[PDB]
Amino acid sequence: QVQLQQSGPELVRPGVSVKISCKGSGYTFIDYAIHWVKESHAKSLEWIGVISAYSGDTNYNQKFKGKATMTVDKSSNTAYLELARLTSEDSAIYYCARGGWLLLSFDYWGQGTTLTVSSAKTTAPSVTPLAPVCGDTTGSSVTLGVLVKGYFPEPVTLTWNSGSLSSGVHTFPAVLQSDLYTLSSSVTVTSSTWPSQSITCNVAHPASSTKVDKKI
Amino acid sequence: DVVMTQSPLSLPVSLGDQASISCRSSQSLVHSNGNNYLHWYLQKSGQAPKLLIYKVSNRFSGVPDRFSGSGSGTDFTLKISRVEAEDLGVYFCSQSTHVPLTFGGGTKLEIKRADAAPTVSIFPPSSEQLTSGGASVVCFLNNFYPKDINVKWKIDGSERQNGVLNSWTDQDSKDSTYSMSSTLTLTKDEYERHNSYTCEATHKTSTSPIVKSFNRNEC
C-alpha cells in the first residue's frame, strides 16, 4: 500500500532550526511530488510549498519562503523540510502529502509531526485538591476536583481512585499560561458516599511525579 | 489567492439524517483543460486529513456510496444521505486549479441533542496553595448543550476581570453535551484583600443568569 513515514515530534527553543522528514513507499518515488501543510491551533490548514515534479521549490508560498526550505533524497526516499528562526508562533503540526495529478490531488498524507517551541525548562506540577464546592454545597450529588497547575512539558496522566472511578469524571484540555501548562478534572458522585475519604486524585508527570487525597 | 469560504462552520445533525456543506471560491476553478479541481478531505480528531472526493464528484478508494459531489467554477456542495457515526469530523475543501492551493475554513459536523443546562460548581483555594502564595478559584460548568455560554467572575460585585483560564471539552460520546472549566487566578495578597467571589453563566437554558459564590479571606 502507499505509505509516507514522517518522523517527528520535536520540542525546540527560539531561533533554532529543525529539519523534518517524509519517507515514501508503495510507489515510484520520482513519478510524484511532496507538498507540506501547516496545521495551526487556529486549525485551518495551510499549503507552504511543493518540491519535485511540477514545481516551486526551495520553499514557496508567499508566507513561507526563506522560512522553510525543501530538499529531497531519492536514494533513501526522503523529503526534507527545514524550518529555522523558530518562534512559538511556529508551533504546529506539519503534514507531508503526495501531490497527485488528475486522479486529483492529495491522495496520501503523513501522520503529522508536532513541534513545540518554548523557553520553559522541565517543570514538575503543583497539584492541589478541590473540595466540595462552597462547603455547604453537598446535597444529592457532589463534585470534587484537582488542579494540576504549572508543569512543562506535556502530557500528564490524571486518574481518580486508580482508574476505578471513570463514570462522571471530566478531565480538561491542558491550557498554557505563561510558558507552563495547567489541567483540571472533576468527579461527581452520589452525596451519601463521600466525605468518607474514599476519593484520591492521581497525577503522573513523566519527568518523575505523584498523588493527592480529598480530605474530610 | 482564491479564498474558499465554506458554510456552516458547525452543523448539528441527528445520525440517520442527511446533510450538505457549501464550499465557494472567489475565482472560477475551471481550468483551461476543463476540470474543476475542487476536493473534500475529512480530519477526524487526532488523525491526519484523508481525501474523500476529487474533481467535484469522484469518490476515492472505498469511500462509502453515500457522499455526492456537485458544482462548477465558484459554487460546490457535498451531500451525504445517511450521516453515520464514523462521519463526525471537520470537512475541508481545497482548489488545485490555481497556485498556491487554498483550503476552505472547515465544517465540524456534531450531534444534535436536547438543551441541557450546565451544572455549575465553584471551589475556594486549596488551603495548601496559599502556603505557596498563589490563590486560584476554579469553577466547572458541566454537561450542557448547546455549546454557547459565557461565564463571568465578580469580586465584591466588580467584574474587573482578566486573570481567567478557560478550557472546554469536545462533544461527549455518551450524552452529547459539553463541559467547561473557568479559573480566576490571583495572589495570596490580592485574594486576602477581598470578600466575595462569584462565578456566573449565561446559557439559553435560563432567562436568569446561573450564579455561584462564596464569602471570605481578608485582613
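Residues numbered from 1 in each chain as written, not as in the entry; some residues may be left out. Chains lettered and ligands numbered in written order. Heavy atoms only, no water.

Going by the header, the method for this PDB entry is X-ray crystallography, and the resolution given is 2.8 Å.

### Remarks on the sheet that holds strand β18 (residues 210-215) of chain B
All names here are of chain B. Stated precisely, the cut-off is as follows: At least two bridges found by DSSP between two strands is the condition for calling them paired. For the purposes of this entry, the term helix denotes a DSSP run of H or I that reaches at least four residues, the term strand denotes a run of E that reaches at least two, and both are numbered from the N terminus. Fitting a line to C-alpha atoms yields each axis, with helices limited to the stretch in contact; the angle taken between N-to-C directions then spans 0 to 180 degrees.
Strand order in this open sheet of three strands is β14-β17-β18, and the pairing throughout is antiparallel. Single-partner strands in this sheet number two, and they are β14 (150-155) and β18. Each strand axis lies, on average, 15 degrees off the axis of its neighbour in the sheet, ignoring direction. Relative to β18, strand β17 (residues 196-202) runs antiparallel, the two being bridged by six bridges. Bridging across to β18, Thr 198 finds its partner in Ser 213.

### Here we look at a nonpolar patch on the surface
Selection rule: A patch is a set of surface residues, each over 30% in relative accessible area and not in a salt bridge, joined within 9 Å for like charges and within 5 Å for the nonpolar side chains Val, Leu, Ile, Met, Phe, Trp and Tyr. Computed with the Shrake-Rupley method and a 1.4 Å probe, the accessible areas treat only the protein chains shown as cover for residues. The working definition used for a salt bridge is a side-chain nitrogen of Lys or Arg within 4 Å of a carboxyl oxygen of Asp or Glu.
Together, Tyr 54, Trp 101 and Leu 102 of chain A line one region of the surface with nonpolar side chains, adding up to about 320 Å² of accessible area. Within the fold, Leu 102 of chain A resides in the loop between β8 (93-100) and β9 (105-109).

### What about the domain arrangement of chain A?
All names here are of chain A. Short version of the rule: Start and end points for every domain follow an automatic or database-based domain assignment. Whether two residues are in contact is decided by their heavy atoms: any pair within 4.5 Å suffices. Throughout, buried area stands for the accessible area (probe radius 1.4 Å) lost by two parts on being put together, summed over both.
The domain architecture assigned to chain A consists of domain 1 (1-119) and domain 2 (120-216). For domain 1 versus domain 2, the separation of C-alpha centres amounts to 38 Å. Counting residues at the interface gives four residues for domain 1 and six residues for domain 2. Taken together, the two surfaces of domain 1 and domain 2 that pack against each other cover about 340 Å², and 51% of this comes from carbon and sulfur. It is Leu 11, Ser 118 and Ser 119 that lose the most area in domain 1 upon contact with domain 2, and together they represent 88% of the buried surface on that side.

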